[PDB]
Amino acid sequence: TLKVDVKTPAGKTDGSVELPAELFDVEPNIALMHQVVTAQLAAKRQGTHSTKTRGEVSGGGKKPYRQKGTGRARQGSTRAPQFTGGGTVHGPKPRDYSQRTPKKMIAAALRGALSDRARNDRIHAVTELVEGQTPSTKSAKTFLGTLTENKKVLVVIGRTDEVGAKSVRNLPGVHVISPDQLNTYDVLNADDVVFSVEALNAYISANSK
Amino acid sequence: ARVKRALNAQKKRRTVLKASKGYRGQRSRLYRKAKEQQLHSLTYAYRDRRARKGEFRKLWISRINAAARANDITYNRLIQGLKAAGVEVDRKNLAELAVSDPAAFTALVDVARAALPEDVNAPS
Amino acid sequence: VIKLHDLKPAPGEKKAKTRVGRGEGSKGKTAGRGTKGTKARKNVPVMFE
Amino acid sequence: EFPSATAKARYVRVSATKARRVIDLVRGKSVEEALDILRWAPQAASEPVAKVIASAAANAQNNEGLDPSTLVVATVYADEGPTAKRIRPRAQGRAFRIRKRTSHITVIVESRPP
Amino acid sequence: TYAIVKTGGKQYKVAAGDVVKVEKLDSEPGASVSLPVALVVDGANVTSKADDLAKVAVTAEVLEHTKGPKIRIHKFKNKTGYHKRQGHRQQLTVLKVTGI
RNA sequence: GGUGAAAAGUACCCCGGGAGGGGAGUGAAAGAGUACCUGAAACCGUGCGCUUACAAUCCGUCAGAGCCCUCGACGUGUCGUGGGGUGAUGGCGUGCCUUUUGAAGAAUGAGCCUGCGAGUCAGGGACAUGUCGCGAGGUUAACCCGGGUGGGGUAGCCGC
RNA sequence: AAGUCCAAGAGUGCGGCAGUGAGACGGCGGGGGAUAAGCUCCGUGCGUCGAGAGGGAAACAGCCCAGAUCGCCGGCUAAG
RNA sequence: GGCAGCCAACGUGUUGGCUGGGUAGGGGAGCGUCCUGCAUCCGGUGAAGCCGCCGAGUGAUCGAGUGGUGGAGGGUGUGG
Ligand SMILES: [Mg+2]
Ligand SMILES: [Mg+2]
Ligand SMILES: [Mg+2]
Ligand SMILES: [Mg+2]
Ligand SMILES: [Mg+2]
Ligand SMILES: [Mg+2]
Ligand SMILES: [Mg+2]
Ligand SMILES: [Mg+2]
Ligand SMILES: [Mg+2]
Ligand SMILES: [Mg+2]
Ligand SMILES: [Mg+2]
Ligand SMILES: [Mg+2]
Ligand SMILES: [Mg+2]
Ligand SMILES: [Mg+2]
Ligand SMILES: [Mg+2]
Ligand SMILES: [Mg+2]
Ligand SMILES: [Mg+2]
Ligand SMILES: [Mg+2]
Ligand SMILES: [Mg+2]
Ligand SMILES: [Mg+2]
Ligand SMILES: [Mg+2]
Ligand SMILES: [Mg+2]
Ligand SMILES: [Mg+2]
Ligand SMILES: [Mg+2]
Ligand SMILES: [Mg+2]
Ligand SMILES: [Mg+2]
Ligand SMILES: [Mg+2]
Ligand SMILES: [Mg+2]
Ligand SMILES: [Mg+2]
Ligand SMILES: [Mg+2]
Ligand SMILES: [Mg+2]
Ligand SMILES: [Mg+2]
Ligand SMILES: [Mg+2]
Ligand SMILES: [Mg+2]
Ligand SMILES: [Mg+2]
Ligand SMILES: [Mg+2]
Ligand SMILES: [Mg+2]
Ligand SMILES: [Mg+2]
Ligand SMILES: [Mg+2]
Ligand SMILES: [Mg+2]
Ligand SMILES: [Mg+2]
Ligand SMILES: [Mg+2]
Ligand SMILES: [Mg+2]
Ligand SMILES: [Mg+2]
Ligand SMILES: [Mg+2]
Ligand SMILES: [Mg+2]
Ligand SMILES: [Mg+2]
Ligand SMILES: [Mg+2]
Ligand SMILES: [Mg+2]
Ligand SMILES: [Mg+2]
Ligand SMILES: [Mg+2]
Ligand SMILES: [Mg+2]
Ligand SMILES: [Mg+2]
Ligand SMILES: [Mg+2]
Ligand SMILES: [Mg+2]
Ligand SMILES: [Mg+2]
Ligand SMILES: [Mg+2]
Ligand SMILES: [Mg+2]
Ligand SMILES: [Mg+2]
Ligand SMILES: [Mg+2]
Ligand SMILES: [Mg+2]
Ligand SMILES: [Mg+2]
Ligand SMILES: [Mg+2]
Ligand SMILES: [Mg+2]
Ligand SMILES: [Mg+2]
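- Method of determination for the deposited model, per the PDB record: cryo-EM, at 3.05 Å resolution.

Quick notes on the protein's contact with RNA strand H
For step 1, the next point in the chain: In the region of RNA strand H, 36 residues are neighbours, and A:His34, A:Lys152, B:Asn8, B:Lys11 and E:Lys24 sit closest.
For step 2, the next point in the chain: Put simply, 87% of the atoms of RNA strand H that lie within 4 Å of the protein are in sugar or phosphate.
For step 3, the next point in the chain: Between RNA strand H and the protein, one listed contact pairs a base nitrogen with a side-chain N or O atom of E:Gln90 at 3.2 Å.
For step 4, the next point in the chain: Counting residues per element, the ones that place at least two in the surface near RNA strand H are α2 (30–44) and α6 (184–189) of chain A, α1 (6–19) of chain B together with β9 (82–88) of chain E.
For step 5, the next point in the chain: Ranked by the residues each element gives to the surface near RNA strand H, the list is headed by β9(E), at 5 residues.
For step 6, the next point in the chain: Residues belonging to the surface near RNA strand H are distributed by class as follows: 8 nonpolar, 13 polar and 15 charged.

Some remarks on the sheet that holds strand β10 (residues 91–99) of chain E
Residue and element names in this part refer to chain E.
For step 1, the next point in the chain: Pairing within the open sheet is antiparallel, and its 4 strands lie in the order β3-β10-β7-β4. Of all strands in the sheet, those bounded by a partner on one side alone are β3 (19–23) and β4 (32–35). When strand polarity is set aside, the average angle formed by the axes of neighbouring strands in this sheet is 45°.
For step 2, the next point in the chain: As paired strands, β3 and β10 are joined by 5 bridges and run antiparallel to one another. Bridged to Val22 within β10 is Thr93.

Overview of the nonpolar core
For step 1, the next point in the chain: Of all hydrophobic cores here, the largest spans 31 residues; its most connected members are A:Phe24, A:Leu182, A:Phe195 and A:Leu200.
For step 2, the next point in the chain: Ranked by residues supplied to this core, first place goes to helix α3 (residues 103–119) of chain A with 5 residues.
For step 3, the next point in the chain: Among all residues touching A:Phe24, those that are not within four sequence positions of it are A:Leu19, A:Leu114, A:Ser115, A:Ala118, A:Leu200, A:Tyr203 and A:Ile204.
For step 4, the next point in the chain: Within the second largest apolar cluster, 27 residues are counted, among which are D:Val31, D:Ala34, D:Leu38 and D:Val107.

Points about the protein's contact with RNA strand G
For step 1, the next point in the chain: The full set close to RNA strand G counts 27 residues, and B:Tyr46, B:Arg49, B:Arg50, E:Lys75 and E:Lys77 are the nearest of them.
For step 2, the next point in the chain: A breakdown of the atoms of RNA strand G within 4 Å of the protein gives sugar and phosphate a share of 77%.
For step 3, the next point in the chain: Residue C:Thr35 places a main-chain N or O atom 3.3 Å away from a phosphate oxygen belonging to RNA strand G.
For step 4, the next point in the chain: Mapped onto the surface near RNA strand G, the elements with two or more residues apiece are α2 (31–70) and α4 (91–99) of chain B together with β8 (71–77) and β9 of chain E.
For step 5, the next point in the chain: Residue contributions to the surface near RNA strand G peak at 8 residues, all from α2(B).
For step 6, the next point in the chain: Its residues assigned to classes, the surface near RNA strand G comprises 5 nonpolar, 8 polar and 14 charged.

A few points about the interface of chain E and chain B
For step 1, the next point in the chain: At the interface, 18 residues of chain E touch 18 residues of chain B.
For step 2, the next point in the chain: Buried area between chain E and chain B, both sides added, is near 1600 Å², and the carbon and sulfur share of it is 63%.
For step 3, the next point in the chain: The tally of links between chain E and chain B comes to 0 salt bridges.
For step 4, the next point in the chain: Summed over the shared surface of chain E and chain B, the result is 6 residue pairs in polar contact.
For step 5, the next point in the chain: Contributing elements (two or more residues each) for the side of chain E that touches chain B: β1 (2–7), β2 (10–14), β5 (37–42) and β8 of chain E.
For step 6, the next point in the chain: Sort the elements by how many residues they give to the side of chain E that touches chain B and β8(E) lands first, with 6 residues.

Observations concerning the side chain of E:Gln11
For step 1, the next point in the chain: With respect to the secondary-structure elements, E:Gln11 resides in strand β2.
For step 2, the next point in the chain: Only 2.9 Å separates the side chain of E:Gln11 from the backbone oxygen of B:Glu88, close enough to count as a polar contact.
For step 3, the next point in the chain: Excluding residues that lie within four positions of it along the chain, E:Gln11 makes contacts with B:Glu88, B:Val89, B:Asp90, B:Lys92, B:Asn93, E:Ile4, E:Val5, E:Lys6 and E:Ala38.

A look at the packing of aromatic side chains
For step 1, the next point in the chain: This structure, assessed with the given rule, holds 2 aromatic pairs over all chains.
For step 2, the next point in the chain: Between A:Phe24 and A:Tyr203, the aromatic rings sit 6.0 Å apart at their centres with planes inclined by 75°, giving edge-to-face as the arrangement. Taken together, the residues A:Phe24 in helix α1 (residues 21–24) and A:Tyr203 in helix α7 (residues 197–206) connect sequence positions 179 residues apart.
For step 3, the next point in the chain: A:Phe24 gets classed as buried once you look at its relative accessible area, which sits at 0%.
For step 4, the next point in the chain: A relative accessible area of 8% places A:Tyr203 in the buried class.
For step 5, the next point in the chain: Between B:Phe56 and B:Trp60 the ring centres are 6.1 Å apart and the planes differ by 40°, which places this aromatic pair in the tilted class.

How each quantity is defined
Residues numbered from 1 in each chain as written, not as in the entry; some residues may be left out. Chains lettered and ligands numbered in written order. Part of a larger assembly, values for the part shown. Heavy atoms only, no water. Near = heavy atom within 4 Å. Polar contact = N/O pair within 3.5 Å; in protein donor to acceptor, adjacent residues only side chain to side chain. Helix = DSSP H or I, 4+ residues; strand = E, 2+ residues; numbered from the N terminus. Nonpolar A, V, L, I, M, F, W, Y, C, P; charged D, E, K, R; others polar. Pairing = 2+ DSSP bridges. Axes fitted to C-alpha atoms, helices over the stretch in contact; angles between N-to-C directions. Core = buried A, V, L, I, M, F, W, Y, C linked by side-chain atoms within 4.5 Å. Buried < 20%, exposed > 50% of the residue type's maximum accessible area, 1.4 Å probe, protein only. Contact = heavy atoms within 4.5 Å. Buried area = accessible area lost by both parts, 1.4 Å probe. Salt bridge = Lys/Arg side-chain N within 4 Å of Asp/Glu carboxyl O. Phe/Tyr/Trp six-rings, centres within 6.5 Å; stacked < 30°, edge-to-face > 60°.

Here it is, written out as structure tokens:
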């Protein structure tokens, strides 16, 4: 039920945005969103790790020597695991690491993280990052500094607004994401989440029905 | 994620080899033979830690018996009389008395003989 | 403000895997299989009597 | 302590244990006595070790500038060096290994008082 | 003179000033404990009767609390695969005896 | 496979037939010298400390004289809540692992060190048990839109 | 009917995970053998070894005593 | 005198009582190695590795205690 003031790059405010409590006042669920972020990073894991088993390494077809009478260990090929240059036994092969959590688990984790930010006044709405027609990291940085003192911020902007995302892209602690792409991992990174009026309205309207 | 198992492997090696110093032969040089010796060493240390309390009681009894027989009394009658008299000094300090000052041992033998039956072979 | 390092699995969720054949302290030299036989190296089908 | 001079001869084509067998003759002796003993001793490993001793003496001649006759071979030893491996073919197709061994002879001499 | 104190289920020969490492006693360092006696030798005469041995106690002061030697146990039985490691350090108190 | 930041890769002198070194120089370093980062263990020496040539030793462990070193105190060499090294001597003491009713076994395997060498992974698989979400419902598969891990997708599947 | 009952860590039922299915000697009851075997085959709310350390039997898995949580330079005992 | 497992009492961390040999095997809780999300800290005024000294823990082991060597990366917390 929070009422976040919308703030303009001039240092002023225009109005306020109502945050529905079914969407920004949810009790957080540490275990649930632990599972959600762990599944997220599992999907990010490029599992491109591979070895060669006993039969994939080069050579090894021959039996190295006679099986009896030589006074030596019985050896079936030179590519056996115990050999130098031999095959790896239970070694890595490529894996897909994504796991498919239910939709409402993901949605609830989103709402819980955003509620966690809202309870502590870490959600901001702004008309836009910088006055348009041209990117400017200097002025957008100054405005964002007035807006917050913390290190990491999410900057949730609509996809069409390129001048804004360009002017905030090169700040070291700033992460830019689209409202329809919002996930629990990026909002838990951020100390503050800085919406735009359009992006806040868009996220509200995508969950208003 | 391949591990090179040598950082962890060497730790117990250094422990056992440092414990095996002074061992004659290759039981102080090679981790395997030193480990085999450490097995016996710690079992033997347990065994002898338990039996040291019996070895020392043996030694105290032997010293007490010699001192008692110098005082013209048997060991068994001496401790029977000390039990009868209520004097309740253990064999350790009774051996320190036998060695260090024999006059107190003589007096204590006197007490033990005074507190002893007029017939030790009597049917009672 | 919960951050990514404040996340923790629910108590009782994650159990440790039983790594077998890694010493005589836990399960070694047979990995819970006992001595020889058919069952010491492969299996028996469930429809075998 | 006494003033000292050093000489090292490395990768000498002599087994270490065959160098030590004549090194043990001359340890802790005057340089001239050691050189004589090596010159009349009938083992070939004397040729390297003798040279090494003489070399050390020259260092005290020319770098410490101390008296020739006070020199004593205080420390002398022979370390192992790299080994080359060869093969000698034997009966019925066997092939045995051969080691060509080497040595490092080290000498420190001191100018002790008479 | 010198007595034989009873403490910790053990008997120690003691004379004034002697320092003895006994089993753990509940007394903060600096405090004085009093201990019973199993025998007293004064010059050439000893106190062995039970009633008048109970009349005299040895007064000592606690200097510190100590850990005994580190003992390492590795139980082992051959051909069975049975090992069992553990360690033990014994807790002790150091007593400086003052009077008898 | 690995000198060094850079060859600045050791001019000149001395011993040696050379190889190799010793001075001198280069360099932050030569415990970096084109045998070159770090330089472990096995294995091989040299120096010192204690011990050992009337003695039947799974090679240790427990008790222990003598000697040697070190830390305190008083003092000026002898104790002390001491610590190390070595050990004359005394008690006890039948390697490890496999496999066996039972092996120190004269059953197997192992010369030594260092590196390596064995319950892993896939699957809406099956069963059981934790944990989480929703709950008489639960969930989507292919697929479609997202530079992402996000959002749609009711076909089916399980319960009823 | 009681006993044990801050324990036997006891029964029974359902389930998850097993290993085992080569036993040995000793006491008592027996078959086979020659009323031989350190033989072989059975019975035993019999024991110990297996899977058991410690004490005794000179040494000596299976016999007698006794079941090792650790420490102590305390005491009392068991078989002997 | 120290530890631990089961249970009980007041009560909410203590105390007490019982118990703690063990192979196949079952269960529980942990040590050390490496890679990583996030968070912090250390490091050419010298990281790692190695060699020691002096210590520590019930065990695997530890030493953000110290020296020698060394020359560029490491520690710790909480998850994967
Ligand atoms: Mg092939
Ligand atoms: Mg052979
Ligand atoms: Mg084949
Ligand atoms: Mg390969
Ligand atoms: Mg989806
Ligand atoms: Mg020794
Ligand atoms: Mg897994
Ligand atoms: Mg094994
Ligand atoms: Mg199993
Ligand atoms: Mg097997
Ligand atoms: Mg079998
Ligand atoms: Mg089986
Ligand atoms: Mg089948
Ligand atoms: Mg000659
Ligand atoms: Mg031929
Ligand atoms: Mg050969
Ligand atoms: Mg046995
Ligand atoms: Mg066995
Ligand atoms: Mg086992
Ligand atoms: Mg210079
Ligand atoms: Mg350097
Ligand atoms: Mg080399
Ligand atoms: Mg090097
Ligand atoms: Mg002699
Ligand atoms: Mg004999
Ligand atoms: Mg001995
Ligand atoms: Mg013996
Ligand atoms: Mg066989
Ligand atoms: Mg066998
Ligand atoms: Mg047999
Ligand atoms: Mg053998
Ligand atoms: Mg033999
Ligand atoms: Mg066989
Ligand atoms: Mg062999
Ligand atoms: Mg290999
Ligand atoms: Mg699977
Ligand atoms: Mg009953
Ligand atoms: Mg019980
Ligand atoms: Mg039961
Ligand atoms: Mg069968
Ligand atoms: Mg059968
Ligand atoms: Mg049977
Ligand atoms: Mg039989
Ligand atoms: Mg019979
Ligand atoms: Mg019969
Ligand atoms: Mg029979
Ligand atoms: Mg029977
Ligand atoms: Mg068996
Ligand atoms: Mg027994
Ligand atoms: Mg039994
Ligand atoms: Mg009987
Ligand atoms: Mg008695
Ligand atoms: Mg009797
Ligand atoms: Mg308790
Ligand atoms: Mg147990
Ligand atoms: Mg018990
Ligand atoms: Mg087991
Ligand atoms: Mg580490
Ligand atoms: Mg981490
Ligand atoms: Mg820094
Ligand atoms: Mg520097
Ligand atoms: Mg690393
Ligand atoms: Mg340094
Ligand atoms: Mg260092
Ligand atoms: Mg982990």
